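# A closer look at the structure
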Amino acid sequence: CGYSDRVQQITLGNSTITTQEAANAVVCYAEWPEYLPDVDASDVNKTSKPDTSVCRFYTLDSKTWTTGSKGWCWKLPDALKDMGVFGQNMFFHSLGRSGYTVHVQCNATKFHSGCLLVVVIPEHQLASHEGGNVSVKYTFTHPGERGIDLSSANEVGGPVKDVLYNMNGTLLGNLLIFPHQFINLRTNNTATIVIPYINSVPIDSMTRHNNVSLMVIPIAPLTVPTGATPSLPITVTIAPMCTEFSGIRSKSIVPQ
Amino acid sequence: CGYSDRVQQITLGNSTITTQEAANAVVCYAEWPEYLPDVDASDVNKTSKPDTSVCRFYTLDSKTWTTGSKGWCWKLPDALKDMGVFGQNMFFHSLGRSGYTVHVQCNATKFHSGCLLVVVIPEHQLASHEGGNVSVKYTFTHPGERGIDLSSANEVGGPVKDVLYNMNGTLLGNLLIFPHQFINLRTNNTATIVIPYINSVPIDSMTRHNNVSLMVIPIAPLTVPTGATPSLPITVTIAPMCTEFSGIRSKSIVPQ
Amino acid sequence: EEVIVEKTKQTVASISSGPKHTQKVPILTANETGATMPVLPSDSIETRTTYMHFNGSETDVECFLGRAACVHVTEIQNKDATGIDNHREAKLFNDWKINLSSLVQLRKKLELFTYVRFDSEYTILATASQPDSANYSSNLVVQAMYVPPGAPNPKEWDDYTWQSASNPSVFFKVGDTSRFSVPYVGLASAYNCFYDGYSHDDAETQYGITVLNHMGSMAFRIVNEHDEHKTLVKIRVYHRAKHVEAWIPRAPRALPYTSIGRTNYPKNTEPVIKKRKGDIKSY
Amino acid sequence: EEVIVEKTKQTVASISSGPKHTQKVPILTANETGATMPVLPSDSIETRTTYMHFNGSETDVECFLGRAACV
Amino acid sequence: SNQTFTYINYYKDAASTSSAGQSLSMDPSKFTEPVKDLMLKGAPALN
Amino acid sequence: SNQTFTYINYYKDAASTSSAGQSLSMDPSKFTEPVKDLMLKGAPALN
Amino acid sequence: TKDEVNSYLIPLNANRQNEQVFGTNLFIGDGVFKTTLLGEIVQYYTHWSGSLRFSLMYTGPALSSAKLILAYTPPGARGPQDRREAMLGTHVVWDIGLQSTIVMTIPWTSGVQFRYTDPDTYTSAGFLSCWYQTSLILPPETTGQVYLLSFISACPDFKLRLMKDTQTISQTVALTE
RNA sequence: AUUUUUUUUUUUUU
RNA sequence: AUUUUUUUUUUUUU
């Protein structure tokens, strides 16, 4: 033996991520992602498994962690909708199912302090910022790889952006019932969460429905040492896993 | 038994072509297309086989057959470069290999006369119309699904368009050494040619190299009955077969 | 604990434990791993052998979601319909789209999970009242007709749709109850308490509300004709879940609901965490 | 379909089917014969093994005509 | 330790019956320990 | 997979009983293929 | 403007290229399917599931010829507006000859296991259309339009549950003998 | 083109 | 996450 729980390697396709100050990997509800079995299947079409071209790590854009920063939310598969062959099969097909490996980067020094809550939420239905029976419009729940900055302003047709109330009326402290992992700068620099396909249908449309949402939330505020720049980068890298596509057609057009 | 050589069905993916006045199918050099075996392989990357989404019939645009019409040429995989998931994997990958089933439609009546030569040519290198050491530019050997109308005019940087000399200096009568099939209006209305992957490399770039070219050539001129419209439509439907893609990257840009 | 089950008295609660001077520390943990270590009291103090005389049976989700709760209160009356244009607005009949998210008390118990699948048990109670002057109490019969989606909707109380050759209906007396069972009628394998999606890719379609948690609709009327007086019949529908399966435990909601199927909460709402009457070090 | 009934999971809905290049065409028919050919989706597209978890019991004419109606 | 006798179903449908009873399955580990590497108690969590 | 216990008929007449149940006979062929010569699928329908 | 025998005949024009023969949505409890024996029993039930069986019979002269392409668009995309759009879906190319019928099943392409028989946007079924693959060629000394005859039936894959009352009939007063 | 999926046992890194 | 490919024999349409 002599190995570490800290030093991990995830290889998927032609992409490889190494980490040396990891904590563990979280496997959501103790379940690895799989392909759709015949006993659960309903759609008669033979599914497409493009595995090497689509089950690979895609790196999202980086987010600046400041002291006054609130948090960021990403929707899946919406974040990976312009990313290579996966996003192309996402629009050319009417159906599709996918699991994910999410790896969130944030490295610092031993003088730094701060803690992030990386959490995956199944069916994270957002609340409108106006209340009542107001709905959230399509483009505000489908931002792409840019995600939702929760420290931004209220905008018409969009969701509420209070990080405390989790954008759905539940408090932030009870968000640990969902599959979660911390990034503590004294301990951790990465978080790995492996998501299976969680739905009440065997296979679903990947453009009108987001199965899970990924929230990176600073619980403890960022404290840089004296004279350091008051900023750290956060990077999100998501890889599809066991991805099937069914019902190929002529690329449906989504709003914007 | 009691079946026919005339009544055929080809099913590939979610696409099905029926014919009732076929002649046969031509299998090029008596060889069905296959995937790349391990003994012939050189590239170490795991290949991508998207089979259901990409190995399906794509219908090209229709061509008008007139008495003065000379013929049409199509390059593969160039003709299927904007066609769905196949054309997307063709640009997102650096390598790729594919076999094809080509089905050419031309139906008429029993009063009609005329004969087409449908021929698949491996490595159909075109001649420049100026002679000497003049080369053919990239866009004129990559027209897409529109193909090359051989009855069009000479244009600078393009190929010669004499249907007799086969655009390479060999006469049209000896073009039957290549895998060919006729469409005779008294006998035939479709032609089926199944192409394997013919190359001197195990796998090649699909954007800088066309492996085969498909020529539909009227040998006997079209004779409509008296008062009929002097025109028939010709339709080409090509399906990739046993398609692999290797070396995925960020979608190379081709000229135009 | 629930590790070891004995023969003389089963399922010990705490094992007997003594002093520790050891290099293995069960109480030092990393919650940056996203895990809860199963630390017992015997890992910190010295304990004695105690038993659980408890099974954990009332906290079963079959028991937790399986008692009758009031999901709808609607009202109809039995008055003269001659001269009335809209029978629905006059409440000669009234229909209800079946949902379990209008009483917030059942809704919070349901929305502890993402997906629930159960057979439904409905109990409908009808009570009358005559607020105006009347000589007697009418002996009234209520029809509750279960109207599936796509079925013709009633326009009047005496309309042709009430005959119900295919739609299931129940006829019961006011003051009494009608109890019937309805199976799991979701299109998918479970209902959706939450839906992060839309019906289709449209810029103006509705968020969250879906036919995945669609349970039908039932329409109410009084079969009797009109008397000299006006009598108001209040109808309360009670739902009991059974054969319950539930998935994906969620964070409990503390802010109040505002709508059906939406997760929206009111603007300028009060704080739900109780502020300390003192400082942090105060008991 | 209702042709074959399995043991591990009964009454398959669609059988697994692959590409066809054949001289027998199940989708070409004459309805001048007055008959409906039992053409399955596996005769036209490529299918996967799915099961009917369904018996066809509410469409029985005992059930169809057997509820109380106001005459 | 008596046993109840009300096991006779009167109707033909399975939706018509009474409640299913306690599962006695009781697995908290898929929420409390959803980790890839098994983590013993007493051992250091990391390295 | 329980079995219902309501198989005791209380009256003397067969018209007094409850519904008969599903036939499980299921022959569409006398409407879908009411033809004299058997017609295979895949074969040409005529000649 | 009034119901006709001609309502059952899909017109088919000669010497046309790349055009469209017909097109409809696949709400089988409404539209063209509503008065059909399939779609009159479908409206006795709330939910449907399974594969449809769509047929077309050509009734032109025996010396005529055509090639048509019958395509099914699975839900999520719009109704196809040219032949190349419908070419990317579930399609068959129909060669018209001695056998006068094509049978193109609409296979069950759905994420959810059951669709509402009443038209619903979430449980929509898709679109169906036909196009000229090559043309229609009429023999000499024959002019005019030839026709198609469209049929629908259910596969043995078909399911139908939750009986309801249909919207195809009504009355305002009771009938007398 | 008599191919497709269901899943067994062996080999390469445990 | 001890998975990936090489290929055997059986089943569904020959």
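Definitions and cut-offs
Residues numbered from 1 in each chain as written, not as in the entry; some residues may be left out. Chains lettered and ligands numbered in written order. Part of a larger assembly, values for the part shown. Heavy atoms only, no water. Near = heavy atom within 4 Å. Polar contact = N/O pair within 3.5 Å; in protein donor to acceptor, adjacent residues only side chain to side chain. Nonpolar A, V, L, I, M, F, W, Y, C, P; charged D, E, K, R; others polar. Buried < 20%, exposed > 50% of the residue type's maximum accessible area, 1.4 Å probe, protein only. Helix = DSSP H or I, 4+ residues; strand = E, 2+ residues; numbered from the N terminus. Pairing = 2+ DSSP bridges. Contact = heavy atoms within 4.5 Å.

Structure determination for this entry is recorded as cryo-EM, at 2.9 Å resolution.

Another point: the protein's contact with RNA strand I. Around RNA strand I, the neighbouring residues are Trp-32 and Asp-51 of chain A, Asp-38 and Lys-46 of chain B, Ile-15 of chain D together with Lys-36 of chain E. Of what RNA strand I places within 4 Å of the protein, 60% of the atoms are sugar or phosphate. In this structure, a base nitrogen belonging to RNA strand I sits 3.3 Å away from a side-chain N or O atom of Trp-32 of chain A. One of the side-chain N or O atoms of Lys-46 of chain B is found 2.7 Å from a sugar or linking oxygen in RNA strand I. Grouping the constituent residues of the surface near RNA strand I by class yields 2 nonpolar, no polar and 4 charged.

This part is about helix α2 (residues 84-92) of chain B. Taking burial as the measure, the 9 residues of α2 of chain B include 9 buried ones, the bulk of the element. Among the residues making up α2 of chain B, those that are buried are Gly-84, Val-85, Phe-86, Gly-87, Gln-88, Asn-89, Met-90, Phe-91 and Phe-92 of chain B.

What follows covers the sheet that holds strand β12 (residues 212-223) of chain A. Judged by pairing direction, the sheet is antiparallel, and its 5 strands sit side by side in the order β9-β6-β12-β8-β10 (chain A) without closing on themselves. Each edge of the open sheet is held by one strand with a lone partner, namely β9 (148-149) and β10 (180-184) of chain A.

Moving on, we get to the pairing of β10 of chain A. Residue and element names in this part refer to chain A. Judged by how many residues are buried, β10 sits mostly within the fold: 5 of 5 residues are covered. Side chains of β10 alternate between two faces, with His-180, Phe-182 and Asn-184 and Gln-181 and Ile-183 buried alike. Where strand β8 (residues 113-122) lies against β10, 5 bridges are found, and the strand directions are antiparallel. Bridging from a neighbouring strand, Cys-115 pairs with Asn-184 of β10.

Moving on, we get to the arrangement of the chains. Take the 15 pairs of chains in contact: the one carrying the most contacts is chains A and C. There is a gap between chain B and chain E: no contact, and a shortest C-alpha distance of 26 Å.

Every residue close to RNA strand H is listed here: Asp-38 and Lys-46 of chain A, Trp-32 and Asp-51 of chain B together with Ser-16, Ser-17, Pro-19, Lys-20 and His-21 of chain D. Here a base nitrogen of RNA strand H and a side-chain polar atom of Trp-32 of chain B are 3.3 Å apart. Looking at side-chain class alone, the surface near RNA strand H contains 2 nonpolar, 3 polar and 4 charged residues.

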